[PDB]
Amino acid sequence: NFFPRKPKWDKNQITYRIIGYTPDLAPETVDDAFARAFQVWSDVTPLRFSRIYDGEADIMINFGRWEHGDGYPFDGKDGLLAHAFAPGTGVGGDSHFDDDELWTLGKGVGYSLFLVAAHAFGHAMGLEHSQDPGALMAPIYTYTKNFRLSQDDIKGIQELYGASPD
């Protein structure tokens, strides 16, 4: 359920910056997908995720293929879809998406940028894999048309950061 030594953010505002995009979707639809992915965690905690348009954000977001700047290379089609670093300084929290995947918001012909980002941002906030088959933090991708964060996910994220104020 957590990384070794339970790293977490020691603040409630987490900045993020989208360094670059995929050509597979419109940029405003990518922005919206990342926003919605953060909101699944915002909604049940006091966390807020603020977009910045320059400088060093807590979560630097980018797309790449194979070796893309951190010595944990992507792998072409399928397998590694995205990866995130546990909370911390430098690369901590950074979330990368493999552009050898076809990015979509639906089923079958690619991977949901929304669902993959929500899972990866769970890692960026300090959650490890769940063994609860219904949890977003369960390790195996699926497309869900009616996505609902599980009580397992809510329990983990609240254990680190507490519950929503409202």
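Residue numbers run from 1 along the displayed sequence.
Which has higher Cα B-factors on average according to the PDB entry: 50-58 or 25-33?
Per the PDB record, 50-58.
Should the higher mean CA B-factor in the entry be assigned to 85-93 or to 68-76?
The entry gives the higher C-alpha B-factor average to 85-93.
Would the CA B-factor of residue 39 place it in the lowest, middle or highest third of its chain?
Answer is middle: the recorded C-alpha B-factor places it there.
Sorting the chain's modelled residues by C-alpha B-factor, tell me whether residue 45 ends up in the lowest, middle or highest third.
Answer is highest: the recorded C-alpha B-factor places it there.
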